[PDB]
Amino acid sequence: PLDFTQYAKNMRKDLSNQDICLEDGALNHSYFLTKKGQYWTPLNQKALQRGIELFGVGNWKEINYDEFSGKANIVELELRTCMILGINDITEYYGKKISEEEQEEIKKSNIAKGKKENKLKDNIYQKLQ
């Protein structure tokens, strides 16, 4: 006669840390599939997208200081940046300051290209070497 689903959600909202639960109360599995203090907040997702616009690609030491004040691993940044540009080789883009407007354009151009090329795996274009 008690519903634990609702109970969890209500409890979760008051008690649960921000990243644990969603604004509706339920718990977000993104958090729990990322170890420890390694989960990637949507709020520092815009921070990577903001740093590529200001400092450019591969500027991670440059961009690490500004938007990820101390630590996010620079491996992570270059790995998410190939998420932003829809490509698995980000070599082509290095050192270029890219606007959020452009990044979005590059992403939809590399993805449509890789789908015609049939070189798209996991919404990321596979670039030949």
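Start at 1 and count along the sequence shown; that's the residue number.
Between 97-105 and 22-30, it is 22-30 that carries the larger average Cα temperature factor according to the deposited entry. Stretches 41-49 and 57-65 differ in mean CA B factor, with 57-65 having the higher one.
Sorting the modelled residues of the chain by their CA temperature factor places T81 in the lowest third. Ranked within its chain, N10 lands in the middle third, by CA B factor from the PDB record. In this PDB entry, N118 carries a Cα temperature factor that places it within the highest third of its chain's modelled residues.
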